[PDB]
Every structure is written in structure tokens, then in C-alpha cells.
Amino acid sequence: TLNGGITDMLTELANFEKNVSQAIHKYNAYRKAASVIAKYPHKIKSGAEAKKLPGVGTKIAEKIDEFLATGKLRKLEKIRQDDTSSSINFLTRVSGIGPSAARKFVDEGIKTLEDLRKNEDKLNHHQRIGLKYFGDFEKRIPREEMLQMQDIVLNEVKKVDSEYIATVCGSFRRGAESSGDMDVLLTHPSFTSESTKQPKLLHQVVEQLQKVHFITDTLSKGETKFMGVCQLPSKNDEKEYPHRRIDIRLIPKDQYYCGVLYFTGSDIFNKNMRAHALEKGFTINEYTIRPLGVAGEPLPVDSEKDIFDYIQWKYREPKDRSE
DNA sequence: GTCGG
DNA sequence: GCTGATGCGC
DNA sequence: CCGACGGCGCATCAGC
Ligand SMILES: Nc1ccn([C@H]2C[C@H](O)[C@@H](COP(=O)(O)OP(=O)(O)NP(=O)(O)O)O2)c(=O)n1
Ligand SMILES: [Mg+2]
Ligand SMILES: [Mg+2]
């Protein structure tokens, strides 16, 4: 990538602020700057040039000048040397261990993978599964495997009830050649914003995917959101595929376009778009777009493009939403 | 950390 | 048990 | 200056 050295530096700063400092707005600011620089179509020559981009301010411009001049950032070189920052940043890589829990574990002398494995009884269910698949969860998923997973999920959903519609969203729907996980949007005509005419709609699908041994583990599960683990089947004598993260979101069927907009992302694109909506006098969530008067009644939406129209954005195909 | 009013 | 906060994640 | 920063599901806990 054209400015990969810079965007990597900013991401590392973002992670430090989130995981160690617990300064969430600094985390968001660093990721916004990294995002806008990532899509800038020139090799950046100076901090001043970058400060012209929205989300890059004075402090990030100065860091870019240091990085361009020396290839490194003294602030990060010191952070990498610090044992407590290093430990906390490591522990947060386990799914279910956040900044607070990582600092608590370090206080208790739990700070390596070996320590975690020795202290499984001190982990909640989510953390215990995150530890179990720690290596697998850091692997990426080739799009070819995403296509196999898509075929399994859609066909098994079809067998439960041909009226389900399952849509793979996330980075996959944005056309990524690899994904960190699989995100599945689910609808069924019995579940609308006006009524739930059938119970266990999400459960039935989860159950079926467990029955055929696709879903292997559950991190969390409610009426509309499942968060778990899945695995492709392998052939005779074949090494097994890595276990993968899977999220499933049941959305009211009449609210599919707001739901698919949300679940297609990226997260930064959603943040930019919802922030823009506010400046335009609307609020967007995964169910509705509503005017700000306090939020008013939902506006009619019959395509993803209707949502862009309301906030006066030209439409952006999913592949162009990877901010 | 950055931005807009 | 319920409700509201908080952590963690999408 | 300085308030705002997207919006919400599930797990866990504290207080009643
Ligand atoms: N903070 C976040 C995180 C996620 N999402 C939405 C947008 C994202 O596209 C989708 C799925 O989340 P994800 O973490 O799986 O991200 P992804 O875009 O699929 N990328 P990846 O899974 O790493 O390949 O949920 C969001 O709105 N806000
Ligand atoms: Mg994803
Ligand atoms: Mg996901």
C-alpha cells in the first residue's frame, strides 16, 4: 500500500489508546486518520500534505513528519519496550478479553498465553472459547472458503424454512479477497417491525447449523444476534480447516435495507455515514432512518440507495465502502 | 485527536 | 426477579 | 474554546 508505513503506525497508536490508555475517542481519531490516508491516491511526502485530509490534525501531522524522516516513531518505540503495555495489548487479542479485563489479568499476574491456559477457570465462557481458538481466529479466510461457507449456510437455512433469506454481509459483501470472519444477515417473513409471528426463528437456524457440525461453539446468543464459531468440513485424510468466527443477525424483514447497509459496513464507513446523517438532520441505525426534530417516525426506505438519497450522498456500491 | 461553530 | 451500568463486541 | 464524536445486542454485575 502507498502509505502503508504511516497507516500501520496510526493503527498501532489507535490500538494503544484503546487497549492501554482506554481513551476511546483517541482510538477512533487514529483509525479515522488511518482510513482517510489509506484511500489517499498519492504517496504522502510530508505531514503538511496529510494535514489537508479530514481527520488528520496537527499532532498526527507531526508524527507523520517524524515517521517519514526516520522510519519510526519514538512514542511507539517506547510503548513496545513497556512490559505492562505489551502484556495488556497481547491479552486483548483474545476474543472476550477487553481493555479492562486485560489490565485486571495483568494485575493478577496472568499475562501470557501459558498463564491463560493455566487459569481457564478465571475466564468467562466467551474468553474461554477465544483462548481455545486464539491461533485460528487470527487467520484470515480466503474468499474461496467464504464461498463454500456461504453455500453451506444458505442451503441449511433453506432446509429449515424455504422462506428464510440469508445474506452474507461484512467484508465479503464488499468484495474482499479475504475476510476476518463471516457475517450473515437473516430475515424471515414471520419477524417484522410490526410483529413476531413465530418464536425461535434464530434458534432454529443455529440448531440446524450445529446439527450438521458447521457451528462448533457459541460465544453469545439472543433472539436476534448469534456470535459463535464455525468450521468447514474437510475431506478424507485432509488437514482440518481453521475454526472461524461467525455472526448472525436476524433483522425485521421490512427493515432489510437498513439492516444490510449496517451489516455491510465497513465500521468506519458506517461511522462516517451516520455522522453525516446527523449533520443532515437524520439518524440512521440498522432498523430505520429517522429525522431529528428527538428522533421522528421512520422514513420510507425501499432500497439501500434511498438511505443515501435522504442524506444527499451519491450511492456507493459495497465494494466502495471499505474505509 | 480532530473538528465545527 | 427487575433495572440500569458497564464491558465487549458487531 | 469546547462539546461532540454511530448506534445497538448480549453477558455480567450491583442495588433494591
Ligand atoms: N464497530 C462496528 C463494527 C462492525 N459494524 C458493522 C459493520 C461491519 O462491516 C459489520 C461486520 O463487522 P466485522 O467486525 O465482521 O467487520 P467486517 O467489515 O466484516 N471486516 P472483517 O470481518 O474483519 O473482514 O458490522 C459496525 O457497524 N460497527
Ligand atoms: Mg466480518
Ligand atoms: Mg463479524
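Per chain, numbering begins at 1; letters A, B, ... match sequence-line order. Worth knowing before you read on, the calculation uses all heavy atoms, side chains too, and leaves out hydrogens, waters and symmetry mates.
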Holding to ring-ring contact (aromatic ring centres under 6.0 Å, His included), I want the full list of residues that pass it with [X], two or more places apart in sequence or in another chain.
{"X": "A:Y164", "result": "A:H188"}
{"X": "A:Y133", "result": "A:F137, A:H243"}
{"X": "A:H126", "result": "none"}
{"X": "A:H42", "result": "A:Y40"}

Exercise. Indicate for each nucleotide in nucleotides 4-9 of chain C, in 5' to 3' sequence, whether protein heavy atoms under 4.0 Å reach the base (B), only the sugar-phosphate (S), or nothing (-).
Key: ---SSS

Set of side-chain hydrogen bond (donor to acceptor under 3.5 Å, both in side chains) partners for [X], sequence neighbours left out:
{"X": "A:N124", "answer": "none"}
{"X": "A:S171", "answer": "A:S179"}
{"X": "A:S220", "answer": "A:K225"}
{"X": "A:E66", "answer": "A:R74"}

Sugar-phosphate only, base, or nothing, as touched by [X] at under 4.0 Å among non-hydrogen atoms:
{"X": "A:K32", "answer": "nothing"}
{"X": "A:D267", "answer": "nothing"}
{"X": "A:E17", "answer": "nothing"}
{"X": "A:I284", "answer": "sugar-phosphate"}

Using whole Å, report how far [atom1] of [X] lies from [atom2] of [N].
{"X": "A:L186", "N": "C:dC10", "atom1": "CG", "atom2": "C1'", "answer": "16 Å"}
{"X": "A:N270", "N": "D:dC5", "atom1": "CG", "atom2": "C1'", "answer": "15 Å"}
{"X": "A:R173", "N": "C:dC10", "atom1": "CZ", "atom2": "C1'", "answer": "16 Å"}
{"X": "A:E279", "N": "D:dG7", "atom1": "CD", "atom2": "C1'", "answer": "16 Å"}
{"X": "A:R274", "N": "D:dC8", "atom1": "CZ", "atom2": "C1'", "answer": "8 Å"}

Exercise. With sequence neighbours excluded, tell me which residues meet salt bridge (charged side-chain N to carboxylate O under 4.0 Å, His left out) with A:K159.
Key: A:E156

Practice problem: Could you work out the separation of B:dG5 and D:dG6 based on their P atoms and round it to a whole Å? | Solution: 16 Å

Quiz prompt | Between A:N89 and A:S86: side-chain donor-acceptor atoms closer than 3.5 Å | solution = no

Quiz item: For D:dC5, does OP1 or OP2 lie under 4.0 Å from any side-chain N or O of A:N28?
Solution: no

Quiz prompt | Leading and trailing nucleotides of DNA chain B with any atom under 4.0 Å from heavy atoms of chain A | solution = B:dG1 to B:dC3

Quiz item: Is the A:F134 to A:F90 ring centre distance short of 6.0 Å?
Solution: yes

Exercise. Enumerate the residues from residues 48-83 of chain A whose closest heavy atom to DNA chain B is under 4.0 Å, giving them by residue number; use none for an empty result.
Key: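 Contacting residues: A:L53, A:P54, A:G55, A:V56, A:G57, A:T58, A:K59, A:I60.
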
